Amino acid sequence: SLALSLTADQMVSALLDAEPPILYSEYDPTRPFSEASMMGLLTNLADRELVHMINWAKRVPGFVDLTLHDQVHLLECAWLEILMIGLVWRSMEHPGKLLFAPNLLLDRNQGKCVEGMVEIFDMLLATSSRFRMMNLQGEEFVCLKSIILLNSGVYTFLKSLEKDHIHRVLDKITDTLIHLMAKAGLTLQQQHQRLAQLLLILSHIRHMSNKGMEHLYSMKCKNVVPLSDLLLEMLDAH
């Protein structure tokens, strides 16, 4: 596979080029929020972003080397984590706010519109502030987002656990993160310390995803919003 042959510079370039666009909400900015309409806006946005995510994933070096069945599992596992890390990245320069879309920038008080959502907002905001205090770089962000894609469902390939290829690609992204930090002038010690700091945030992103999934399921089970067939299938996977 050419992915394992890529240099670190080439891996980063590949990742950066695969980046999906920043989509807009269909928020009608002169009409009032309800729990239902806010949930509608957020899930409508997620649905459109999902199409772009699928096409992004195909461009993550080594992903199309995987079987189609494995590709499905990884995306089913990680989709909300991936949406969330994107959100937290977008929201970095907006302290106290979540930039779901350029035309949908919400504070925690607006989060209270939807029952159970403010707790999730608070976790996202805390992650964004952590990214901000760490001065997360875009090149680091794309590595982290790819790690989530490859890692989150890699230990549920069962009923004995099976995938060396995925792990080799993950190892390559580790090499790339270290390369990035070395090139940025971090000392050898700072390199391993920052590597751990960034990977530990992925534990928090998993937590948020788990909580968000239970939240979304709750909204669907209360008939608050109709979810797209895609979103229903992605949600059903959990």
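Counting begins at 1, following the sequence as shown. For clarity, a rigid core is taken as the largest C-alpha set superposing within 1.5 Å between two forms.
Any chance you could tell me whether 212-220 or 6-14 drifts more in 8 other deposited structures of this protein, judged by RMS CA distance from this form after superposing on the core? Output: 212-220, the stretch lying farther off on average in 8 other deposited structures of this protein.
How about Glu162: is it missing in a third or more of the other compared entries? Looking at the other entries that model residues on either side of it, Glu162 is missing from at least a third.
Looking at the other compared entries that model both neighbours, is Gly62 missing coordinates in at least a third of them? Looking at the other entries that model residues on either side of it, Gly62 is present in every one.
Can you say how many deposited residues have no coordinates in the span between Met133 and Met134, choosing none, 1 to 3, 4 to 9, or 10 or more? Nothing is missing between them.
None, 1 to 3, 4 to 9, or 10 or more: how many residues of the deposited sequence lack coordinates between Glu162 and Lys163? Gap between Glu162 and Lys163: 1 to 3 residues without coordinates.
When the C-alpha temperature factors are averaged for each of 79-87 and 108-116, which stretch ends up with the higher value in the entry? Taking the mean C-alpha B-factor of 79-87 and of 108-116, the larger value falls to 108-116.
Mean Cα B-factor comparison, 26-34 or 49-57, giving the higher one as deposited: Higher of the two, by average CA B-factor, is 26-34.
Chain thirds of CA B-factor: placement of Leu68: Answer is highest: the recorded C-alpha B-factor places it there.
CA B-factor placement of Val154, once the chain's modelled residues are sorted into thirds: For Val154, whose C-alpha B-factor we compare with every modelled residue in the chain, the answer is the highest third.
Relative to the other modelled residues of the same chain, rank the CA B-factor of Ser146 and answer lowest, middle or highest third. As the PDB entry reports it, the C-alpha B-factor of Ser146 lands in the lowest third of its chain.
Grab the CA temperature factor for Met11 from the record and place it in the lowest, middle or highest third of its chain. Highest third.
Compare the C-alpha B factor of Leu99 with those of the other modelled residues in its chain, then answer lowest, middle or highest third. It falls in the bottom third of the chain.
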